[PDB]
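Values below: all heavy atoms of this structure, side chains included; hydrogens, waters and symmetry mates excluded. Chain identifiers are assigned alphabetically (A, B, ...) following the order of the sequence lines, protein sequences preceding nucleic acid strands; residue numbering begins at 1 within each chain.
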Amino acid sequence: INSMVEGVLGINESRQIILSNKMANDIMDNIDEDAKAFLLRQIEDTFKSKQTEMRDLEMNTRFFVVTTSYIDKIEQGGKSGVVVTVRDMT
Amino acid sequence: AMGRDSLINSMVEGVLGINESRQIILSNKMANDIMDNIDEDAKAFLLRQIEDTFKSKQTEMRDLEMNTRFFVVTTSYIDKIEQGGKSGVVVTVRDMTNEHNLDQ
């Protein structure tokens with residue numbers, strides 16, 4: 001876990017997390033409710049747009065670039081979803 | 001006319017999920033397109049980056065040319081990518097040729 005590791009989450013149509021790495025777990029435990037709501041909004045937009053959304057989530061003293069991409073194809077445990085990647089730019 | 005999306009340039013990254021068995025367990029259409037059109041050397045470079053990520057267990061970023069276009073590939077390690085317990089790598093591929101304006 002470093003600012004050089006990206007946070008990754010996979011989320012299915014049911015809004016269940018079906019995969020995550022340590023860095024995503026860490027990011028989620030260390031961000032506030034406003035940032036979480038911003039993230040949720042971006043995820044919801046990606047389900048709708050069905051394309052890639054890329055947004056800055058500027059914190060106080062921290063700066064993340066959040067990418068969310070729509071996935072139509074999942075082997076087991078999902079039909080569709082969104083893959084979230086979070087890069088700490090600071 | 002003007003609509004809700006007039007100011008949006010519709011961008012798409014390629015996404016692949018790969019388990020311990022080196023099987024693709026998830027993908028989007030753009031990644032499918034990449035894979036259907038990829039040369040053998042580019043495929044080996046992609047595979048190599050994935051292999052390096054299984055080893056490093058952190059995020060790798062590399063430039064990859066495919067059919068003259070400039071891609072940036074990011075690969076990140078996932079300790080448990082599926083419910084059965086396999087680790088994996090999430091691959092995201094960004095088209096930088098599309099980012100640029102040289103085709104105008």
- Just wondering, are more than 12 heavy atoms of other shown residues or ligands nearer than 6.0 Å to CE in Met96(B)? yes

- Residue part contacting chain B, namely of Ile74(A), when any heavy atom lies under 4.5 Å: both

- Message: Counting only heavy atoms not in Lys22(A) (residues, nucleotides, ligands), do more than 12 fall under 6.0 Å from its NZ?
- Response: no

- Task: Kindly check if the number of other-residue, nucleotide or ligand heavy atoms within 6.0 Å of CZ (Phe45(B)) is above 12?
- Result: no

- Query: Quick check: are there more than 12 heavy atoms from other residues, nucleotides or ligands sitting under 6.0 Å from CG of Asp32(A)?
  - Reply: yes

- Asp5(B) versus chain A, heavy atoms under 4.5 Å apart: side chain, backbone, both or neither? neither

- Message: Please find the pair of heavy atoms, one from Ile8(B) and one from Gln51(A), that lie closest to each other, and give the distance.
- Response: CG2-NE2, 4.0 Å

- Task: Might you confirm whether atom CG of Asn60(A) has over 12 heavy atoms from other residues, nucleotides or ligands at distances under 6.0 Å?
- Result: no

- Message: What part of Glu53(A) gets within 4.5 angstrom of chain B, counting heavy atoms only: side chain, backbone, both, or neither?
- Response: neither

- Message: Under 4.5 Å from any heavy atom of chain A, what part of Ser27(B) do you find: side chain, backbone, both or neither?
- Response: both

- What are the two closest heavy atoms between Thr52(A) and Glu13(B), and how far apart are they? OG1-N, 3.0 Å

- Query: Are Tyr70(A) and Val66(A) joined in one hydrophobic group, where the rule is that I, L, V, M, F, W and Y side chains link up if heavy atoms are under 4.5 Å apart?
  - Reply: yes

- Item | Closest non-hydrogen atom pair, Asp72(A) against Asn28(B) | OD1-CA, 3.3 Å

- Message: Please classify the contact of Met54(A) with chain B as side chain, backbone, both or neither, using a heavy-atom distance under 4.5 Å.
- Response: side chain

- Item | Cluster overlap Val91(B) with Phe54(B), hydrophobic side-chain contacts below 4.5 Å | yes

- Task: Go through the atoms of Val12(B) and report whether side chain, backbone, both or neither lie under 4.5 Å from a heavy atom of chain A.
- Result: both

- Can you establish whether the number of heavy atoms outside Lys36(A) located under 6.0 Å from its atom NZ is more than 12? yes

- Item | Within 6.0 Å of CZ in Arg69(B), more than 12 heavy atoms from elsewhere | yes

- Query: Nearest heavy-atom pair of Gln76(A) and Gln83(B): which atoms, and what distance?
  - Reply: OE1-CG, 3.8 Å

- Note on the structure: The interface call for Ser87(B) against chain A, heavy-atom contacts under 4.5 Å, is neither

- Please flag which part of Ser76(B) lies under 4.5 Å from any non-hydrogen atom of chain A: side chain, backbone, both or neither. side chain

- Highest number of heavy-atom pairs under 4.5 Å with chain B: which of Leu19(A), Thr67(A), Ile18(A)? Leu19(A)

